[PDB]
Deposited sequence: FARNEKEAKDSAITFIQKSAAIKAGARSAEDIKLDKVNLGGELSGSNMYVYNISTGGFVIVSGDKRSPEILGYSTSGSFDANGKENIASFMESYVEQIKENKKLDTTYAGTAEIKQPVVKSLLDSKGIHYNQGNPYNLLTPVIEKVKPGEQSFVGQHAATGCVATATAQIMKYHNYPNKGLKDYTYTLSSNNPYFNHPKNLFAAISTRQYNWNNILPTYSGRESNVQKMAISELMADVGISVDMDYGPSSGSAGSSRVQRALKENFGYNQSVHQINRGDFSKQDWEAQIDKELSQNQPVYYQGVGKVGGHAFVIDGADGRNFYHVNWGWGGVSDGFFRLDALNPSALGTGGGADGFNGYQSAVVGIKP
């Protein structure tokens, strides 16, 4: 029932062909061989299950490459796939939708969490014990901030911020002196979506960077972002409330939880959203917060297209889970996102 190196490698090429493959090295929880990843050298990647009870191809991309190093939201996903491929080993049987092209890619939207996006997030003031100093560096925008902003740029809305926001930074935060209150005067904003480019290379002037870093700063606060070398938020629940109350989005904007649905009904919800050119905020829940990203397409063959808010690396088609017909990662999402 196990699928080993040579075999997986083969499963890859086969999938592609249906060439040189360099295996990717992930560690920590993604250590072991319950799963395999091979970056195709001319471009692209294929992620293979390491056990025939689980499905064969878990995710792929004709182009680009796959990587999780430092990109936690991405690793948090692969972890579930894994502590899931294991839940399939409980069985003894082997493994047994329309098409939407990446909505964000179609508008060339590829944001990140660093400079210049983070040009206006709080500047880290203290060193976390047992960690190198990031003092003087701007916090990261956070992923939910990134996942949210990308979806916002895709609708280029609002033009005018609706309601101001404020919150107190978690007192157990080691990077800042306490108390720390952050405030975004969203209500007084005139978001110029001509200045907020779909992507930055880092050579933009002050007008363009100021635009985006500011969008990112407001979203981040609206979701009570716990800022640091990396930044986390509850996610879904702040995101849905923020989009409507602060940024003026439609009442349809709401949260749905993976656990309230049947796999087909859950998928039907996402497919429905994509059918309307409405990207979907999605996240996996963990301690440190929502490990969010954006689903903005689908290959029709049950794979969804993800944008990890890292500029494009690791972007591609993935399976909502490796489950055999069930750990869901306390998954959830914010749908109905539209003006």
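Trainee: Note down, first to last, the deposited-sequence stretches for which the model contains no C-alpha atom.
Mentor: No coordinates exist for the deposited residues in 19-31, 110-115, 345-354, so these stretches are absent from the model.
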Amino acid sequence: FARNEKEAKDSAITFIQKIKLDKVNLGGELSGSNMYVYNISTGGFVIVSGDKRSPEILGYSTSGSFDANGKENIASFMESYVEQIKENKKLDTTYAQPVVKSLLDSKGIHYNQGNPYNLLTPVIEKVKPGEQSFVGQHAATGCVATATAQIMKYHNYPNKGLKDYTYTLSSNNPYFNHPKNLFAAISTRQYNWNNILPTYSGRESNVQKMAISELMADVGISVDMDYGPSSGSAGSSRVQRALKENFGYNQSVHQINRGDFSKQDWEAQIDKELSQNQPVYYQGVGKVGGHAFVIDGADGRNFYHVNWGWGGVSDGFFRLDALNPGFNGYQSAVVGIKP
From here on, numbers count along this sequence of modelled residues.
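Trainee: On average, which has the higher Cα B-factor in the deposited entry, 250-258 or 226-234?
Mentor: Mean B over CA atoms: larger for 250-258.
Trainee: Pick between 305-313 and 32-40: the one whose mean CA B-factor in the entry is higher.
Mentor: Here the higher of the two C-alpha B-factor means belongs to 32-40.
Trainee: Looking at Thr188, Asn156, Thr94, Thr166, which one carries the largest C-alpha B-factor according to the PDB entry?
Mentor: Among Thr188, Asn156, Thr94, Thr166, the highest C-alpha B-factor in the entry belongs to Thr94.
Trainee: Consider only the C-alpha atoms of the modelled residues in this chain, order them by B-factor as the entry records it, and name the third containing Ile212: lowest, middle or highest.
Mentor: Lowest third, going by the recorded CA B-factors of the chain.
Trainee: Can you tell me whether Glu125 has a C-alpha B-factor in the lowest, middle or highest third compared with the other modelled residues of the same chain?
Mentor: Lowest third of the chain for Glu125's C-alpha B-factor.
Trainee: Could you tell me which third, lowest, middle or highest, the C-alpha B-factor of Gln84 occupies within its chain?
Mentor: Its C-alpha B-factor belongs to the highest third of this chain's values.
Trainee: Comparing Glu204 with the other modelled residues of its chain, is its CA B-factor in the lowest, middle or highest third?
Mentor: Middle third by C-alpha B-factor.
Trainee: Which third of the chain holds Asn177 when residues are ordered by C-alpha B factor: lowest, middle or highest?
Mentor: It falls in the middle third of the chain.
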